[PDB]
Amino acid sequence: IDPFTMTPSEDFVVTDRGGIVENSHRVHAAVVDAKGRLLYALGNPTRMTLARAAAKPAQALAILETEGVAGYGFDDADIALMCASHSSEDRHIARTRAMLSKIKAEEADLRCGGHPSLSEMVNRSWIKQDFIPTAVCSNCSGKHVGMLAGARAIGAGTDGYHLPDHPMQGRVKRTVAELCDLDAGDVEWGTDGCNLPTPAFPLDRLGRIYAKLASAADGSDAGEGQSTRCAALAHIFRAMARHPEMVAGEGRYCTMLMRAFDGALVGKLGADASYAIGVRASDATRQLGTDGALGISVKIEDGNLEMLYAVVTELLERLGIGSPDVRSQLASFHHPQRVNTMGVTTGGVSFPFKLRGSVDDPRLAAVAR
Amino acid sequence: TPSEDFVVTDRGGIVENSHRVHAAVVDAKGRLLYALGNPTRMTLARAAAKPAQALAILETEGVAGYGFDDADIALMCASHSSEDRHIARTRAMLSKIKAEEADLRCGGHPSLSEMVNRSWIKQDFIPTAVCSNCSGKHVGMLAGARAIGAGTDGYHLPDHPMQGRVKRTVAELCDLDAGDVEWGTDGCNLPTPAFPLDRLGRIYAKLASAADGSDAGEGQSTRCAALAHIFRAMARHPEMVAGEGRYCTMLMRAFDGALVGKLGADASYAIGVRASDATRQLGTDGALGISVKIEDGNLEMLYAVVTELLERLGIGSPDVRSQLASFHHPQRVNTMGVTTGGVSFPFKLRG
Ligand SMILES: [Cl-]
Ligand SMILES: [Cl-]
Ligand SMILES: [Zn+2]
Ligand SMILES: [Zn+2]
């Protein structure tokens, strides 16, 4: 009610029914440069956050930096599937089996389990057949095959490749902290749905990982000499952008986003409503005030995915990233339909949040909340 | 100032999501006894308003002649799972009023029970009007429109006398002026009210209080008698109010007449508790009402919080509440059988 005392604690996405507030959801977001400097924020941009599957490009880097993995001949689409929370479409299952074959492993070697598909259409096909998904159907199956590959390549057991004491998980933990530029004690660890260790760290550092992806892609495309790590980051970016259907699937936000942007960015979902985007240097990033790549990370405090995709699409519009025509491929996510059982629209979504970082009285405190 | 009351989920002790909780616990006159969050938050009651809409139906002149029974009234109060038995009862109620499915003005939707919906998907079933979770309410409004000789084609429109009756009855049960109730449109295409959350608790306290007064042989107005009947119908036929496995059904079965409870979509909940040792211990001499809203709309968190609140209020025994253990602490087990996290209730009741 007072535009001059607005605060991070008031950064919301709200749904209404005939103008009456239905639900409200707190938003947190960080927009960072290629070194992690914070450029813009919503909510608490340093919120300690479970990255969930948005950490997968970092886990893929740990796989690709494992000595001997290159000999298996994983291609870009295989790397994309390592980075994926796929919809368990037949092509994802088939590629998982092909990756198994490249390392001479079997489905029984996987330590992830089946689950209902992340795609409603795939799940409808499974329901019709009373199909029970198995390990090879896991949305994380590509990451698991990559972890198996790394365990085999260094001569570790494949037994227990998913456990924290295994050297593959030691490599993951170190790689995540290094990409975030954190000490190990500033990264916390739980266990994911796919039964791997999964990291939590300040939300802005998830943005920093993705800014580093995009920055590495810029350096590779420009022909700059790169470290082995930067070359591997550039390869991960390229793989995701070239095979975005491996990263998610038909009708999925990550796939539709990356297809619409045609190489300009990569993006990835984390469960419980986190999202991360790495944006290559562009006219839009320069207008935001940086000379290199950019990273964006978002968390919806209560975990609602429909709201996450609406907010991410709104934030891209506010940041001037893309064109209206590019972002219009995402219109169904930006303003989710609210049509009742008789075809009547009953309400909608609104975005009463305010990006900070672009000028207010110096006496307005922005308390991260 | 409202407290900062949350339910919080974790993964290995690391915070995953948090959800703001609003709750009101009120006496039979609506006086606020305990609260979480903002107990007066303006809130869409959604289907938690259905007992008030059922009252408007039952008070309509001539509706008694159709011979609706207790299970029919329960289905008027329902957000049912569209099980075959709910559809069958909808058709039986249509027949009682000499109407047809084509007269309904609600539409089909995926079932509120995931198990039912999977069964529909396997069979390529397209739900129709008679499968609406609100089908019983719609048959009741048809019945009221026909009973007073109003048109049936537009019984769902705000300008129809049945909707005028509903709008008046809701404000009267809330003890609000008409202008203090706001109205939107529900999923089933009826007008749907919003009012302060504590007033939703007040409606359910009046249900339970009427059940107590009928049980006790008090001189009741026709309205209190009808409220008592609604309470009794819900408690006697809780499977009509929701369905197998649903929180409302399991809650009411566990309590065996001691309370009624009802879900509103987007995570509101209302309970009417008959006077008991537990209510007297809370400091009231009559019935009480409980209303809850999860700010972000998460249903799993709603049922966890409602069950936690019952435990904090002492309502029921530990043995009775243990039937709801699966809702109180939702399972957090991964695809390989490993427990990955849990739910916590850092909130504190304000008295
Ligand atoms: Cl919402
Ligand atoms: Cl949650
Ligand atoms: Zn995983
Ligand atoms: Zn309805």
Side-chain angles (χ1 to χ4, degrees), chain A residues 15-26 47-50 52 111-116 120 123-130 133 135 138-140 162 188-200 271-273 299-304 307 339-347, chain B residues 6 9-20 41-44 46 105-109 114 117-124 127 129 132-134 156 182-194 265-267 293-298 301 333-341:
Chain A
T15 61
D16 70 278
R17 187 172 294 273
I20 303 159
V21 171
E22 184 99 68
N23 301 324
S24 63
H25 308 258
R26 276 298 320 295
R47 183 192 186 272
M48 171 67 55
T49 301
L50 297 174
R52 309 290 296 284
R111 297 293 177 266
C112 51
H115 55 78
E120 167 183 26
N123 214 49
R124 297 185 180 251
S125 69
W126 290 359
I127 289 160
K128 284 203 236 298
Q129 305 156 24
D130 292 291
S138 167
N139 81 98
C140 298
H162 63 302
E188 303 181 358
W189 296 83
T191 300
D192 256 340
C194 71
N195 210 29
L196 297 177
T198 195
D272 291 300
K299 162 71 177 176
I300 306 303
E301 179 62 35
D302 53 88
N304 185 290
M307 296 296 97
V339 182
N340 72 9
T341 64
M342 301 295 291
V344 178
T345 298
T346 58
Chain B
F6 287 82
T9 63
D10 71 278
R11 188 166 294 273
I14 303 162
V15 172
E16 185 97 71
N17 303 323
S18 66
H19 307 262
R20 184 176 293 275
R41 178 194 188 271
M42 193 61 165
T43 303
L44 297 174
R46 310 287 300 285
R105 298 288 174 263
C106 52
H109 56 78
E114 295 311 318
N117 205 58
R118 289 192 298 269
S119 184
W120 287 0
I121 288 161
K122 173 176 180 178
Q123 302 172 81
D124 301 316
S132 167
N133 80 98
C134 298
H156 64 298
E182 296 175 16
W183 295 83
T185 299
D186 253 336
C188 69
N189 215 31
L190 297 177
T192 195
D266 290 301
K293 163 71 176 174
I294 303 301
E295 180 62 37
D296 51 87
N298 188 291
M301 294 297 99
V333 182
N334 75 4
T335 63
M336 299 293 287
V338 177
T339 300
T340 58

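Side-chain atoms are counted along with the backbone in the values below, which use heavy atoms only and exclude waters and symmetry mates. Chain letters run A, B, ... following the sequence lines, proteins first, then strands; residues in each count from 1.
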Looking at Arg17(A), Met342(A), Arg47(A), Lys128(A), which has the largest count of heavy-atom pairs under 4.5 Å with chain B? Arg17(A)

So, taking the atom named CZ in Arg46(B) and the one named CD in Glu22(A), what distance separates them when rounded to the nearest 0.5 Å? 4.5 Å

Which of the residues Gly108(B), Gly13(B), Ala194(B), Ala267(B) is involved in the greatest number of heavy-atom pairs with chain A at under 4.5 angstrom? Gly108(B)

If you count heavy-atom pairs under 4.5 Å between each of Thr198(A), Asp272(A), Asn123(A) and chain B, which one has the most? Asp272(A)

Using a strict threshold of under 4.0 Å (side-chain N to carboxylate O), is an ion pair present between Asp296(B) and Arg26(A)? no

Keeping the roles fixed (side chain from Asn340(A), backbone from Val344(A)), state whether a donor-acceptor pair exists under 3.5 Å. yes

What part of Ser125(A) gets within 4.5 angstrom of chain B, counting heavy atoms only: side chain, backbone, both, or neither? neither

Go through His109(B), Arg118(B), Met42(B) and name the one with the most non-hydrogen pairs under 4.5 angstrom from chain A. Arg118(B)

Evaluate the criterion side chain to side chain contact (heavy atoms under 4.5 Å, CB included) for residue pair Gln129(A) and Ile127(A); output intermediate values, then yes/no. CA-CA 5 Å; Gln129(A) 305 156 24; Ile127(A) 289 160; over 6 Å; no

Best-contacting candidate, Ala129(B), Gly12(B), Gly187(B), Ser132(B), against chain A by heavy atom pairs under 4.5 angstrom: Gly187(B)

Atom CG in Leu44(B), atom NZ in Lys293(B): separation rounded to 0.5 Å? 7.5 Å

If you count heavy-atom pairs under 4.5 Å with chain A, which of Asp186(B), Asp124(B), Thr43(B), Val15(B) comes out on top? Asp186(B)

Ranked by heavy-atom pairs below 4.5 Å to chain A, first place among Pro127(B), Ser18(B), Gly297(B), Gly184(B) goes to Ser18(B)

Applying side chain to side chain donor-acceptor pair (under 3.5 Å), can you list everything that pairs with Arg111(A), at least two apart in sequence or on another chain? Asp159(A)

With a 4.5 angstrom heavy-atom cut-off, which part of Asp16(A) approaches chain B: side chain, backbone, both or neither? neither

Is there a side-chain contact between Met301(B) and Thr9(B) (heavy atoms, below 4.5 Å)? yes

